[PDB]
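Next comes data_11.cif, with mmCIF, C-alpha atoms and all ligand atoms.
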```
data_data
#
loop_
_atom_site.label_atom_id
_atom_site.label_comp_id
_atom_site.auth_asym_id
_atom_site.auth_seq_id
_atom_site.Cartn_x
_atom_site.Cartn_y
_atom_site.Cartn_z
CA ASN A 701 -15.16 2.36 17.89
CA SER A 702 -15.67 -0.25 15.22
CA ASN A 703 -15.55 -3.89 16.47
CA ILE A 704 -13.73 -5.22 13.36
CA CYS A 705 -10.26 -4.38 11.96
CA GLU A 706 -10.49 -1.74 9.27
CA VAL A 707 -7.96 -3.55 7.05
CA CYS A 708 -8.98 -7.24 7.22
CA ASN A 709 -12.57 -6.93 8.50
CA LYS A 710 -12.03 -9.54 11.28
CA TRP A 711 -12.58 -9.25 15.03
CA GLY A 712 -9.70 -10.15 17.34
CA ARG A 713 -7.27 -8.20 19.57
CA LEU A 714 -8.00 -4.66 18.21
CA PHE A 715 -6.39 -1.27 19.00
CA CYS A 716 -8.83 1.60 18.80
CA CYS A 717 -8.14 5.02 17.28
CA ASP A 718 -8.67 7.95 19.70
CA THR A 719 -9.67 10.46 17.05
CA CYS A 720 -11.89 8.38 14.81
CA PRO A 721 -14.00 5.20 15.19
CA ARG A 722 -11.64 2.82 13.34
CA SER A 723 -9.90 -0.15 14.90
CA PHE A 724 -6.91 -2.30 13.90
CA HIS A 725 -5.07 -5.45 14.56
CA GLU A 726 -1.55 -4.67 15.67
CA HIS A 727 0.14 -5.78 12.42
CA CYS A 728 -2.67 -4.79 10.08
CA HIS A 729 -2.03 -1.10 10.85
CA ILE A 730 0.96 0.37 9.10
CA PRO A 731 3.14 1.28 10.83
CA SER A 732 2.40 -1.55 13.42
CA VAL A 733 0.32 -0.06 16.29
CA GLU A 734 2.64 1.87 18.59
CA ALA A 735 3.42 0.43 22.13
CA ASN A 736 2.31 3.47 24.17
CA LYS A 737 1.06 6.93 22.87
CA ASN A 738 -2.16 7.98 24.65
CA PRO A 739 -4.04 9.27 22.85
CA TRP A 740 -3.29 7.32 19.64
CA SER A 741 -4.26 8.43 16.20
CA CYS A 742 -4.37 5.97 13.25
CA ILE A 743 -2.87 6.54 9.84
CA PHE A 744 -6.23 7.67 8.41
CA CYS A 745 -6.26 10.49 10.98
CA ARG A 746 -2.56 11.35 10.50
CA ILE A 747 -3.12 11.67 6.73
CA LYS A 748 -6.22 13.85 7.22
CA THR A 749 -4.15 16.16 9.52
CA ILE A 750 -1.47 16.63 6.81
CA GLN A 751 -4.19 17.70 4.38
CA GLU A 752 -5.84 20.04 6.91
CA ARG A 753 -2.56 21.73 7.79
CA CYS A 754 -1.72 22.32 4.07
CA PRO A 755 -4.94 22.52 2.04
CA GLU A 756 -2.91 23.36 -1.09
CA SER A 757 -1.38 19.85 -0.84
CA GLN A 758 -4.62 18.70 -2.56
CA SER A 759 -3.98 20.73 -5.74
CA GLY A 760 -3.01 18.59 -8.69
CA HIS A 761 0.52 17.21 -9.09
CA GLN A 762 2.50 15.65 -11.92
CA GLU A 763 3.41 11.98 -11.24
CA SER A 764 6.98 12.59 -12.31
CA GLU A 765 7.45 15.25 -9.60
CA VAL A 766 5.81 13.02 -6.95
CA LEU A 767 8.13 10.12 -7.76
CA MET A 768 11.33 12.16 -7.33
CA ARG A 769 10.35 13.29 -3.85
CA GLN A 770 12.67 12.24 -1.11
CA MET A 771 11.12 9.99 1.57
CA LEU A 772 10.85 12.63 4.34
CA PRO A 773 8.36 11.87 7.17
CA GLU A 774 5.29 13.02 5.27
CA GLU A 775 6.10 11.02 2.10
CA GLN A 776 6.97 7.99 4.25
CA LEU A 777 3.53 8.23 5.89
CA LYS A 778 1.80 8.61 2.54
CA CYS A 779 3.47 5.47 1.14
CA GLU A 780 2.58 3.56 4.38
CA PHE A 781 -1.05 4.59 3.90
CA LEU A 782 -1.06 3.65 0.23
CA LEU A 783 0.38 0.21 1.16
CA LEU A 784 -2.36 -0.09 3.74
CA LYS A 785 -5.09 0.72 1.24
CA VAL A 786 -3.85 -2.23 -0.87
CA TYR A 787 -3.97 -4.61 2.09
CA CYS A 788 -7.52 -3.37 2.71
CA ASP A 789 -8.65 -5.29 -0.40
CA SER A 790 -9.17 -9.00 0.24
CA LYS A 791 -7.47 -9.85 -3.09
CA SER A 792 -4.23 -8.58 -1.61
CA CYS A 793 -3.81 -12.07 -0.03
CA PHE A 794 -2.51 -13.29 -3.38
CA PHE A 795 0.36 -10.82 -3.33
CA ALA A 796 1.21 -10.69 0.39
CA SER A 797 3.70 -13.45 0.89
CA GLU A 798 6.69 -14.66 -1.13
CA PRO A 799 5.56 -16.30 -4.34
CA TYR A 800 7.02 -19.32 -6.21
CA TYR A 801 6.88 -20.10 -9.87
CA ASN A 802 6.44 -23.57 -11.43
CA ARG A 803 4.03 -23.54 -14.30
CA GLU A 804 4.49 -25.34 -17.62
CA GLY A 805 5.15 -22.77 -20.31
CA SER A 806 6.24 -19.92 -18.02
CA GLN A 807 9.43 -18.80 -16.41
CA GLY A 808 9.44 -16.95 -13.05
CA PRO A 809 10.32 -13.27 -12.83
CA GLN A 810 13.90 -12.06 -12.57
CA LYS A 811 12.98 -9.92 -9.55
CA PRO A 812 10.24 -11.35 -7.43
CA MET A 813 8.32 -8.89 -5.20
CA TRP A 814 5.45 -9.11 -2.69
CA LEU A 815 3.55 -6.87 -0.25
CA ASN A 816 5.26 -8.07 2.90
CA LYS A 817 8.67 -7.39 1.40
CA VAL A 818 7.57 -3.83 0.60
CA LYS A 819 6.20 -3.54 4.12
CA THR A 820 9.57 -4.58 5.57
CA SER A 821 11.38 -2.26 3.18
CA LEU A 822 9.32 0.69 4.37
CA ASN A 823 9.73 -0.26 7.98
CA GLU A 824 13.51 -0.43 7.64
CA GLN A 825 13.61 2.93 5.68
CA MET A 826 15.13 1.33 2.62
CA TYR A 827 13.46 3.66 0.13
CA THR A 828 15.06 7.11 -0.34
CA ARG A 829 12.45 8.35 -2.83
CA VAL A 830 8.77 7.74 -3.51
CA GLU A 831 9.90 6.24 -6.86
CA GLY A 832 11.53 3.28 -5.01
CA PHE A 833 8.28 2.32 -3.33
CA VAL A 834 6.06 2.83 -6.39
CA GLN A 835 8.46 0.83 -8.57
CA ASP A 836 8.37 -2.21 -6.24
CA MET A 837 4.59 -1.96 -5.95
CA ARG A 838 4.01 -1.89 -9.71
CA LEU A 839 6.55 -4.73 -10.08
CA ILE A 840 4.33 -7.04 -8.04
CA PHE A 841 1.51 -6.69 -10.56
CA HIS A 842 3.75 -6.64 -13.63
CA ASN A 843 5.43 -9.92 -12.56
CA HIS A 844 2.01 -11.50 -12.06
CA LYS A 845 0.70 -10.46 -15.48
CA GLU A 846 3.78 -11.75 -17.20
CA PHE A 847 3.85 -15.12 -15.43
CA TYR A 848 0.19 -16.01 -15.72
CA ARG A 849 -0.01 -15.04 -19.42
CA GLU A 850 -3.46 -16.01 -20.72
CA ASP A 851 -4.71 -17.80 -17.64
CA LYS A 852 -7.68 -15.92 -16.32
CA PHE A 853 -5.82 -15.59 -12.99
CA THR A 854 -3.91 -12.70 -14.55
CA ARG A 855 -7.00 -10.65 -13.79
CA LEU A 856 -6.25 -10.63 -10.08
CA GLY A 857 -3.16 -8.56 -10.83
CA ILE A 858 -5.12 -6.12 -12.95
CA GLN A 859 -7.67 -5.79 -10.16
CA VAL A 860 -5.25 -5.13 -7.33
CA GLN A 861 -3.11 -2.85 -9.53
CA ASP A 862 -6.27 -0.79 -10.15
CA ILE A 863 -6.74 -0.37 -6.38
CA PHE A 864 -3.11 0.66 -6.01
CA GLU A 865 -3.23 3.20 -8.82
CA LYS A 866 -6.57 4.81 -7.75
CA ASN A 867 -5.23 5.20 -4.21
CA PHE A 868 -1.87 6.53 -5.51
CA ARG A 869 -3.70 9.24 -7.52
CA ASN A 870 -5.85 10.16 -4.47
CA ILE A 871 -3.15 10.13 -1.74
CA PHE A 872 -0.60 12.03 -3.75
CA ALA A 873 -3.18 14.32 -5.39
CA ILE A 874 -2.14 13.53 -8.93
CA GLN A 875 -3.67 15.98 -11.43
CA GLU A 876 -6.89 14.55 -12.90
CA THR A 877 -6.82 13.78 -16.65
CA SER A 878 -8.98 12.32 -19.45
ZN ZN B 1 -6.79 -6.93 10.71
ZN ZN B 2 -8.23 7.41 13.27
ZN ZN B 3 -0.17 25.36 3.96
#
```

Do you think you could lay out the structure here as C-alpha cells?
Amino acid sequence: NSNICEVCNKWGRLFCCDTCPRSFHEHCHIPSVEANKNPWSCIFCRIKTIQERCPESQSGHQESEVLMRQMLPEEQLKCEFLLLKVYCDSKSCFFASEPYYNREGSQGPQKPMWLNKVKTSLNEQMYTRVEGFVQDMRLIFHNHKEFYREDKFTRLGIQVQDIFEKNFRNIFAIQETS
C-alpha cells in the first residue's frame, strides 16, 4: 500500500485498502473509515465495482436526469466520491471550514456553504436527490465569486469549481459535448 493518504498526501495513522494500494486517514476517507470490515475496500474500489457490474452505467447521461435521481445507496456513494475528489485538491482548504465575511465593499452571502457542512449533510442523509448535493456544492463556489468580486482571489473558486465539475461529469457519466 501507499505510505501517504490519497486525499491529503500526508503520512500519519493510515487505513489501507484491501483491494487496491491506496491508503487513507480515518476522516479523509468518505465515508469515514469503517470500524471493522475485513477485508475493507475504499470508495475508489466501491465505485469501480458499480461500473463493472453495470457497464452501461458509463453511457452518456443528461445532467437534468442525473440531478432528479433519488439518493439511493449508489447515488449516495457517487456523491461521497465526488466530494472526496474535491478534498483531494489542496485548494479545497479554502472552502472546507465555515467562512466569515468582512471586506470593505462586499456583503456576505445570504446562504453560506462549505465542504464540511456538505460532508455532514451527506453523513446524516439530509439530501433526498442528487440535485440537493450538487446545488450546495455549486453554491460554495458561487458565493466565493460573488464576494471576492475583482480581487484575484476569486480565481480559487473558479479553480476548485473546475475540479468539481470535471469529476461530476466523469462520475455520473454525463454525455460529452462541444
Ligand atoms: Zn489524509
Ligand atoms: Zn481501494
Ligand atoms: Zn448491467

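We find CA of residue 785 (chain A) and CA of residue 877 (chain A) to be spaced 22.2 Å apart.
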
**Study point:** Contacts to ligand ZN 1 (chain B) at 10 Å cut-off (all atoms listed in the file) as a ChimeraX atom specification
**Key:** /A:704-714,723-729,787-788

Exercise for review: Could you give me, as an MDAnalysis selection string, every polymer residue with an atom at most 10 Å away from an atom of ligand ZN 3 (chain B), counting all atoms listed in the file?
Suggested key: chainID A and resid 750:757

Point to revise | Point-to-point distance in Å for CA of residue 809 (chain A) and CA of residue 845 (chain A) | key: 10.4 Å

Contacts of chain A with ligand ZN 2 (chain B) up to 8 Å, shortest pair per row, all atoms listed in the file, as a Markdown table:
```
| residue | atom | partner | partner_atom | distance |
| --- | --- | --- | --- | --- |
| A:717 | CA | B:ZN2 | ZN | 4.7 |
| A:718 | CA | B:ZN2 | ZN | 6.5 |
| A:719 | CA | B:ZN2 | ZN | 5.1 |
| A:720 | CA | B:ZN2 | ZN | 4.1 |
| A:721 | CA | B:ZN2 | ZN | 6.5 |
| A:722 | CA | B:ZN2 | ZN | 5.7 |
| A:723 | CA | B:ZN2 | ZN | 7.9 |
| A:741 | CA | B:ZN2 | ZN | 5.0 |
| A:742 | CA | B:ZN2 | ZN | 4.1 |
| A:743 | CA | B:ZN2 | ZN | 6.4 |
| A:744 | CA | B:ZN2 | ZN | 5.3 |
| A:745 | CA | B:ZN2 | ZN | 4.3 |
| A:746 | CA | B:ZN2 | ZN | 7.4 |
```

**Study point:** Selected residue of minimal separation from residue 857 (chain A) among A:834, A:796, A:733, A:840, counting all atoms listed in the file
**Key:**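 Closest candidate: A:840.
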
Check your understanding: Given the choices A:740, A:843, A:859, A:876, which gets closest to residue 801 (chain A) if the distance is worked out from all atoms listed in the file?
Key -> A:843

Practice item. Using all atoms listed in the file, determine which residues lie at most 8 Å from residue 806 (chain A), disregarding the query and same-chain residues fewer than 3 positions distant; provide the list as a PyMOL selection string. Key: chain A and resi 802-803+847-848

Exercise for review: Tell me, in Å to one decimal, how far CA of residue 748 (chain A) is from CA of residue 768 (chain A).
Suggested key: 22.9 Å

Practice item. Identify, on the basis of all atoms listed in the file, every residue whose closest approach to residue 827 (chain A) does not exceed 12 Å; exclude the query and any residue fewer than 2 positions from it along the same chain; express the result as a PyMOL selection string. Key: chain A and resi 767-773+775-776+779-780+818-825+829-836
